[PDB]
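Heads up: the sequence lines are chains c, n, j and g, in that order.
Quick note: the first sequence uses the entry's author numbering, first residue 2, plus one each step.
Quick note: the second sequence uses the entry's author numbering, first residue 2, plus one each step.
Quick note: the third sequence uses the entry's author numbering, first residue 53, plus one each step.
Just so we're aligned: the fourth sequence equals residues 2 to 75, 87 to 148 in the entry's author numbering.
Just so it is clear, CB atoms sit at the ideal spot from N, CA and C, and this is done for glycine as well.
Contents: one structure, followed by commentary.
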Amino acid sequence: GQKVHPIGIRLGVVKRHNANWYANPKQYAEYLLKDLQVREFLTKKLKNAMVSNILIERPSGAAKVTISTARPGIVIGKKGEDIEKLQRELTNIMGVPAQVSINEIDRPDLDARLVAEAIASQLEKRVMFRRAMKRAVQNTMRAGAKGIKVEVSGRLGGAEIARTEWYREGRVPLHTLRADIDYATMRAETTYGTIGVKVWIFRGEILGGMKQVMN
Amino acid sequence: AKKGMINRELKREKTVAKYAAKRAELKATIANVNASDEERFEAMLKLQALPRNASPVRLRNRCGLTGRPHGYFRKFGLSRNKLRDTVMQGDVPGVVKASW
Amino acid sequence: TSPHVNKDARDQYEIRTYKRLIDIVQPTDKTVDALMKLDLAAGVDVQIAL
Amino acid sequence: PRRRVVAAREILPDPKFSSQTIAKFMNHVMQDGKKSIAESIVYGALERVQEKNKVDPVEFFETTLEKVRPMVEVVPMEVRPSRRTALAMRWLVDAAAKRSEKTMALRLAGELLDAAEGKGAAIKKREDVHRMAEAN
RNA sequence: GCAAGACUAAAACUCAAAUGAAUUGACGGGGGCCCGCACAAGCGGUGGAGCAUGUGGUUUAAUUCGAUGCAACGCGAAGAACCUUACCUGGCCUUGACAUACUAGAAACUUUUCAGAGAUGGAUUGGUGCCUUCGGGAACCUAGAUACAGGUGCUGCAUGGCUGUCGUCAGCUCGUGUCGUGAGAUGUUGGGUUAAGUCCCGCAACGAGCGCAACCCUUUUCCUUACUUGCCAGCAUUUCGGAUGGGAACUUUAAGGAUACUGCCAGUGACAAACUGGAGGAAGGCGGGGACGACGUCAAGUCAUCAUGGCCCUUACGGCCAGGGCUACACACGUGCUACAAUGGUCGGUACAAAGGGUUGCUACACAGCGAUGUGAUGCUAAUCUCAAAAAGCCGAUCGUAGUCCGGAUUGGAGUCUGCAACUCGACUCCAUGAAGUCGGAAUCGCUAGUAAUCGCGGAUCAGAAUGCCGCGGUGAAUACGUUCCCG
Numbered sequence: 002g003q004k005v006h007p008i009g010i011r012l013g014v015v016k017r018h019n020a021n022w023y024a025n026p027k028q029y030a031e032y033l034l035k036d037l038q039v040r041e042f043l044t045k046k047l048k049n050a051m052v053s054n055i056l057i058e059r060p061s062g063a064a065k066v067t068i069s070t071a072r073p074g075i076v077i078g079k080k081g082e083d084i085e086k087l088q089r090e091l092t093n094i095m096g097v098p099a100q101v102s103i104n105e106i107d108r109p110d111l112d113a114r115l116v117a118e119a120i121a122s123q124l125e126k127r128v129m130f131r132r133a134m135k136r137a138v139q140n141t142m143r144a145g146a147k148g149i150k151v152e153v154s155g156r157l158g159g160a161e162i163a164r165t166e167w168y169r170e171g172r173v174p175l176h177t178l179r180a181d182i183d184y185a186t187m188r189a190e191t192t193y194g195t196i197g198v199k200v201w202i203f204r205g206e207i208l209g210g211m212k213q214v215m216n
Numbered sequence: 002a003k004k005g006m007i008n009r010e011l012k013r014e015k016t017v018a019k020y021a022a023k024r025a026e027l028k029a030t031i032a033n034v035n036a037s038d039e040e041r042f043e044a045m046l047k048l049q050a051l052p053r054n055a056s057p058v059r060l061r062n063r064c065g066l067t068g069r070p071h072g073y074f075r076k077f078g079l080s081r082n083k084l085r086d087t088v089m090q091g092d093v094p095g096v097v098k099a100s101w
Numbered sequence: 053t054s055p056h057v058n059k060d061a062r063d064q065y066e067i068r069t070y071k072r073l074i075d076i077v078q079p080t081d082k083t084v085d086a087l088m089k090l091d092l093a094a095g096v097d098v099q100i101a102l
Numbered sequence: 002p003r004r005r006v007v008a009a010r011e012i013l014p015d016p017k018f019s020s021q022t023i024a025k026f027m028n029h030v031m032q033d034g035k036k037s038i039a040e041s042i043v044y045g046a047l048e049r050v051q052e053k054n055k056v057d058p059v060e061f062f063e064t065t066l067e068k069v070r071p072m073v074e075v087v088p089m090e091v092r093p094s095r096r097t098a099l100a101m102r103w104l105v106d107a108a109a110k111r112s113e114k115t116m117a118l119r120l121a122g123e124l125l126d127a128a129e130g131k132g133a134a135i136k137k138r139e140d141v142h143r144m145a146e147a148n
């Protein structure tokens with residue numbers, strides 16, 4: 002049947018929210034809409050910079066956007082021009098002064114979003130999907146995850162009838178609420194339509210609960 | 002929704018915002034007990050002579066992302082589809098699955 | 053949850069608002085300036101009344 | 002069920018007479034959770050029978066219950093004791109419902125007294141069960 | 001050969017197969033074992049009446065579109081008078097209401113009117129702004145040009161994403177070693193047991209993953225911290241109201257902890273897994289409820305949330321407006337509400353909740369009105385003020401089995417409020433009227449305990465508009481011998 006969102010089911014159990022601010026009921030809607038616009042704009046702009054996570058905070062009448070990226074040099078720019086331009090556009094969009102911060106990912110193969118992006122890029126570049134899936138799974142397992150599952154759905158190879166193919170090595174305990182499972186979904190736009198890609202990565206069980214996680 | 006419908010909503014919002022002040026002035030003048038019956042009567046006639054789009058009752062809440070006119074949820078400003086997607090992604094602060 | 057027609061297929065969400073009250077009595081001079089020197093953490097809103 | 006044996010639900014004794022039989026009769030009389038009305042109905046009849054013959058309300062009720070108690074259902089087989097009492101109370105409330113009087117309590121007392129002499133629709137239905145048991 | 005027929009016995013023509021044995025599935029109106037409100041035992045319903053609501057049909061200018069056995073029919077729609085709106089009639093526009101790219105000119109904006117149903121069109125005022133290496137630039141508007149925009153148009157049988165269903169069913173797999181020429185088998189079977197491939201034994205098998213369970217939320221007992229806006233045991237003052245000094249005991253509020261584990265005893269089963277009984281304990285064998293839905297099936301549903309391949313329209317299948325329609329009505333079906341009364345109706349007096357909402361809002365109190373409501377005024381950004389009256393309940397009076405002092409449909413006449421506007425087509429109040437209905441055939445539905453039944457209260461959507469939906473508490477039952485048949 003249908004499965005619950007792995008991050009949604011753990012948002013209060015072992016996972017942290019992607020937005021951390023308080024607002025009164027009158028201002029909640031405006032804050033949320035501006036946050037969504039910021040996320041969409043950043044996703045469009047940083048397509049080729051290997052960006053997985055964006056965290057938005059509103060400490061006191063200002064904004065702080067933390068970008069988790071595997072290409073810190075590209076994101077920062079040659080001399081810091083890109084970050085100050087980004088601050089200008091974000092302040093313009095958000096109506097308050099904004100501070101951009103960079104968090105560098107040191108193990109890109111353990112990030113669910115980057116793997117899905119790479120697989121989708123290969124599918125758009127029309128490599129065979131089974132080779133792409135096996136290569137990505139082997140690369141992640143060598144990188145050191147305890148389990149990874151990759152699924153592709155659609156008109157695979159250009160066939161007139163769509164189908165779904167998946168591949169898994171290791172352990173993926175989806176029903177364990179305390180398991181650390183990264184999840185990602187992506188689209189490949191080919192001449193024959195859309196192909197959907199889903200990636201699950203398991204990185205061990207978190208102990209101590211949300212008290213340990215320090216919400 | 003369609004671009005025409007979204008632009009219609011935008012135009013109605015602009016008209017309401019433009020005519021907000023005079024409508025309140027006329028309504029207060031109508032409610033004024035000290036004012037003459039004639040003052041209230043021409044106030045009512047002017048209110049009826051105001052443009053139709055100036056009335057707030059013709060505004061319909063639409064999703065801020067797609068423009069859907071059903072299932073609005075005033076608190077978030079999004080319809081149910083986008084609310085489900087964004088909440089399950091984790092971009093709404095404080096919202097979790099509810100059990101009791 | 054379904055895009056077209058399943059009335060019994062719904063997700064139930066909740067949001068909670070927590071409140072705390074703190075009283076300071078016999079305030080020293082350093083107390084106040086310390087309170088504005090104190091940092092503001094995201095996700096917590098503070099109101100001070102004198 | 003299919004696999005398990007579910008225990009019978011023990012009912013508390015009546016707080017006024019300490020009589021599980023009276024409590025069960027009250028539960029049979031009661032409709033949609035209105036316990037106070039049923040308590041009033043039963044207690045009024047118990048006081049009425051006491052005045053119209055000076056007998057103990059509990060003993061007079063047990064004797065009438067044993068009089069209106071059947072012995073067999075329907087294939088003949090021996091009805092277990094709990095079902096005997098459960099069936100007797102149903103007959104005694106159903107037949108009492110159909111008399112003509114001002115209150116349910118007075119009707120209940122009247123037909124309790126009537127059944128104490130063996131005159132009543134409940135005893136007639138008991139004789140009907142006797143006849144159709146002789147049939148089998 | 002009496003006959004029926006027997007025996008001997010071809011070819012033309014046509015196809016690329018026809019066959020045997022065994023393997024894995026699937027199915028059987030084949031057989032065993034097992035489970036489930038499946039039946040049985042009970043308590044209430046539907047099918048009968050009036051009304052609400054959705055669908056089919058019919059009608060219409062239009063009655064917009066989708067959902068169709070269980071798994072469509074109070075479904076998308078968490079709320080159609082205009083708007084929404086996608087449909088009809090009529091009136092209008094054409095690089096367009098919206099984007100990018102090019103060329104020129106203007107601040108943008110603002111006042112007053114006129115014609116018109118409006119969209120629109122024509123006159124009419126003020127202002128003419130911000131940076132500047134200041135030769136122009138920043139928004140913003142107007143004029144021209146073409147690449148184009150735009151499409152709730154078609155294809156869910158080209159797709160992504162999302163969802164229903166079997167079904168909270170208990171299964172689904174992989175690596176070494178053995179048997180088989182082989183596909184394959186074994187393990188995963190057999191004996192007990194369990195809510196469960198849950199656990200224990202034997203056994204050419206020896207080992208692992210996803211499923212079950214646990215980790216998450218809530219409720220039941222106790223401890224620590226915290227003492228206001230919440231609390232009041234002891235003291236004091238009281239207008240007898242925690243009202244006031246005051247107290248930190250209790251209730252509560254809400255964070256962190258402790259506890260339950262067959263732990264102890266007895267009997268059984270194998271002597272194991274377990275199972276039955278007893279003490280203590282708030283709670284005893286899974287204490288109660290929620291979320292979480294394996295490998296897969298249905299070319300299941302959605303191109304009308306959105307995105308997307310392909311096809312189609314371009315003075316129209318695009319865009320703007322006023323009025324109408326989605327609310328029709330000889331009929332049929334589904335889901336509900338209210339009743340047919342005395343375990344009740346009406347009148348007077350008097351008790352006991354939980355959860356949730358409130359600044360474009362909720363309103364104490366006073367006055368006016370029979371009333372819905374109106375006016376003045378007070379507190380509240382809320383454990384502080386308010387919605388707010390809980391209702392069934394208890395005591396007293398009356399009605400006496402009648403189509404009634406039951407029932408409350410329909411219609412006539414007056415009104416209030418929201419809104420630019422209640423004719424089509426709103427909700428509520430008052431006076432008058434007082435329909436069917438006497439417990440409902442064949443058949444069929446829900447429920448195993450704080451459950452069914454019954455009583456009230458709140459919210460989302462929302463100017464106004466719930467008998468629907470999602471929640472909250474009050475009172476509080478009956479029956480389970482068992483698997484012989486019905487369904488899965």
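Notebook entry, point to check: Is the beta carbon of c:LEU124 less than 8 Å from the beta carbon of c:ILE196?
Noted result: As a working note, residue 124 of chain c is residue 123 in the first sequence. As a working note, residue 196 of chain c is residue 195 in the first sequence. Taking 8 Å as the Cβ cut-off, c:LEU124 and c:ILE196 qualify as a contacting pair.
Item checked: Contacts of n:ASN82 in chain j (Cβ-Cβ under 8 Å) -> Counted from its first residue, the second sequence places residue 82 of chain n at position 81. Proximity of chain j to n:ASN82 at the Cβ level (cut-off 8 Å) is accounted for by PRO55, in chain order.
Item checked: Under 7 Å from the C-beta of n:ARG85: neighbouring residues of chain j -> The sequence position of residue 85 of chain n within the second sequence is 84, counting from 1. Those are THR53 and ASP63, listed as they occur along chain j.
Note to self: So n:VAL97 contacts chain j; which residues on that side make the cut at Cβ distance below 9 Å?
What the structure shows: To locate residue 97 of chain n, count along the second sequence from 1; it is residue 96. The contacting residues are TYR65, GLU66, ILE67 and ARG68.
Margin query: Please identify, using Cβ separations under 9 Å, the residues of the segment 27-50 of chain c that lie next to chain j, in order along the chain.
Written below: none
Notebook entry, point to check: How about c:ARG17: is its C-beta nearer than 8 Å to some C-beta of chain j?
Noted result: Numbered from 1 along the first sequence, position 16 holds the residue referred to as residue 17 of chain c. With 8 Å as the cut-off, c:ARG17 does not count as an interface residue toward chain j.
Notebook entry, point to check: Can you tell me whether DSSP reads j:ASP91 as helix, strand or coil?
Noted result: Taking the third sequence and counting its residues from 1, the one referred to as residue 91 of chain j is at position 39. If DSSP states are grouped into helix, strand and coil, j:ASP91 belongs with coil.
Next item on the list: Report all residues from its chain with a CB closer than 8 Å to the CB of c:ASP181; omit the five preceding and five following residues, and keep chain order.
Entry: Working through the first sequence from its first residue, we reach residue 181 of chain c at position 180. Contacts found: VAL15, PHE203, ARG204, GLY205, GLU206 and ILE207.
Note to self: Along the segment 52-70 of chain c, where does the CB come closer than 8 Å to a CB of chain j? Name the residues.
What the structure shows: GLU58, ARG59, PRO60, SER61 and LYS65
Check: So which residues of chain n does c:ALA180 contact, with C-beta pairs closer than 7 Å?
Finding: The residue labelled residue 180 of chain c in the question sits at position 179 within the first sequence. Here the premise fails: no neighbours, minimum Cβ distance about 17 Å.
Next item on the list: Name, in chain order, the residues that DSSP records as bridge partners for c:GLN100.
Entry: Looking up residue 100 of chain c in the first sequence gives position 99. Beta-bridge pairing by DSSP links c:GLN100 to c:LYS65.
Notebook entry, point to check: Opposite c:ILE55 in the DSSP bridges: which residues?
Noted result: Within the first sequence, numbered from 1, the residue matching residue 55 of chain c stands at position 54. Looking at the DSSP assignment, c:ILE55 forms a beta bridge with c:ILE68.
Next item on the list: Could you pull out every residue in the same chain whose Cβ sits closer than 7 Å to the Cβ of j:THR53, ignoring the five residues on either side in sequence?
Entry: Taking the third sequence and counting its residues from 1, the one referred to as residue 53 of chain j is at position 1. Cβ neighbours of j:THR53 beyond the five flanking positions: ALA61, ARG62 and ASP63.
Checklist line | Short CB-CB distance (under 8 Å) between c:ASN140 and chain n | finding: In the first sequence, the residue the question calls residue 140 of chain c occupies position 139. By this cut-off, c:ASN140 is not an interface position.
Margin query: For the pair the segment 43-56 of chain g and the segment 115-124 of chain g, tell me if three or more CB-CB distances fall below 8 Å.
Written below: yes
Check: Around the C-beta of c:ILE103, are 16 or more other C-beta atoms found within 10 angstroms, so that it is buried, or is it exposed?
Finding: Mapped onto the first sequence, residue 103 of chain c falls at position 102. Answer is exposed; the Cβ neighbour count stays below 16.
Notebook entry, point to check: Whose Cβ in chain n lies nearer than 9 Å to the Cβ of c:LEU12?
Noted result: The residue you call residue 12 of chain c lines up with position 11 of the first sequence. The answer, in chain order, is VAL88, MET89, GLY91, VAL96, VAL97 and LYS98.
Next item on the list: Look up c:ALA144 in the DSSP assignment and give the residues it is bridged to.
Entry: For the purposes of this step, residue 144 of chain c is taken as the residue at position 143 of the first sequence. None, per the DSSP bridge assignment.
Checklist line | Proximity below 8 Å, CB of n:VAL97 to CB of c:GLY13 | finding: For the purposes of this step, residue 97 of chain n is taken as residue 96 along the second sequence, with counting starting at 1. For the purposes of this step, residue 13 of chain c is taken as residue 12 along the first sequence, with counting starting at 1. Yes, the pair counts as a contact, with Cβ atoms nearer than the cut-off.
Notebook entry, point to check: If you run the structure through DSSP and keep just helix, strand and coil, what is c:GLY197?
Noted result: For this step, residue 197 of chain c is matched to residue 196 along the first sequence. If DSSP states are grouped into helix, strand and coil, c:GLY197 belongs with the strands.
Note to self: Whether or not the segment 8-18 of chain n and the segment 51-65 of chain n are in contact is what I'm after, with contact meaning three or more pairs of Cβ atoms, one per stretch, closer than 8 Å; do they touch?
What the structure shows: yes
Margin query: Assuming contact is defined by CB atoms lying nearer than 8 Å, are g:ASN148 and g:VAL91 in contact in what I supplied?
Written below: Stepping through the fourth sequence from its first residue, residue 148 of chain g is reached at position 136. Stepping through the fourth sequence from its first residue, residue 91 of chain g is reached at position 79. Not in contact: g:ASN148 and g:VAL91 (Cβ atoms no closer than 8 Å).
Next item on the list: Could you please tell me which residues of the segment 112-123 of chain c, in chain order, have their CB closer than 9 Å to any CB of chain n?
Entry: Listed in chain order, the positions of the segment 112-123 of chain c with a beta carbon within less than 9 Å of a beta carbon of chain n would be empty, since no residue qualifies.
Notebook entry, point to check: Based on the DSSP secondary-structure assignment, which residues constitute the bridge partners of c:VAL153?
Noted result: As a first step, residue 153 of chain c must be located in the first sequence, where it is residue number 152. In the DSSP secondary-structure assignment, c:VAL153 is bridged to c:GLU166 and c:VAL198.
Next item on the list: Enumerate, from N- to C-terminal direction, the unbroken alpha helix (DSSP H) stretches of 4 or more residues contained entirely within the segment 17-50 of chain c.
Entry: 26-46
Notebook entry, point to check: Quick one: what's got a C-beta closer than 8 Å to n:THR67's C-beta in the same chain, skipping five residues either side?
Noted result: Numbered from 1 along the second sequence, position 66 holds the residue referred to as residue 67 of chain n. Here the set comprises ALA2, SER80, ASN82 and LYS83.
Notebook entry, point to check: In terms of residue numbering, what span does the beta strand (DSSP E) encompassing c:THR186 cover?
Noted result: Here residue 186 of chain c is taken as the residue at index 185 of the first sequence, counted from 1. Element bounds for c:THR186: 180-191.
Item checked: One or two residues paired with c:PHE203 in a DSSP bridge -> Taking the first residue of the first sequence as position 1, residue 203 of chain c is located at position 202. Beta-bridge pairing links c:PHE203 to c:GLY148 and c:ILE182.
Next item on the list: Leaving aside the five residues before and after g:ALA117 along the sequence, list all residues of the same chain whose C-beta is less than 6 Å from its C-beta, in chain order.
Entry: To locate residue 117 of chain g, count along the fourth sequence from 1; it is residue 105. Cβ within range, chain order: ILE42, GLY45 and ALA46.
Note to self: Rounding to the nearest angstrom, what Cα-Cα distance links c:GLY158 and c:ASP107 in this structure?
What the structure shows: If you number the first sequence from 1, residue 158 of chain c lands on position 157. If you number the first sequence from 1, residue 107 of chain c lands on position 106. Roughly 34 Å between the two C-alpha positions.
Checklist line | First through last residue of the alpha helix (DSSP H) which encompasses g:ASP126 | finding: Within the fourth sequence, the letter at position 114 stands for residue 126 of chain g. Looking at the DSSP string, the run of the alpha helix (DSSP H) that includes g:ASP126 is 116-128.
Item checked: Residues near c:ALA50 by beta carbon distance below 6 Å, same chain, minus five either side -> Here residue 50 of chain c is taken as the residue at index 49 of the first sequence, counted from 1. Sequence-distant Cβ neighbours of c:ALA50 in its own chain, meaning closer than 6 Å and more than five residues away, are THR70, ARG72, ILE75 and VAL76.
Note to self: In this structure, how does DSSP classify g:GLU146 when only helix, strand and coil are distinguished?
What the structure shows: Counted from its first residue, the fourth sequence places residue 146 of chain g at position 134. Helix, per DSSP.
Notebook entry, point to check: Does the distance from the CB of g:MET27 to the CB of g:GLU11 come in under 8 Å?
Noted result: Against the fourth sequence, residue 27 of chain g aligns to sequence position 26. Against the fourth sequence, residue 11 of chain g aligns to sequence position 10. No, they are not a contact pair.
Margin query: Please give the ranges of any alpha helix (DSSP H) in the segment 13-90 of chain n, keeping only runs that are unbroken, at least 4 residues long and fully inside the region.
Written below: 38-50 and 81-90
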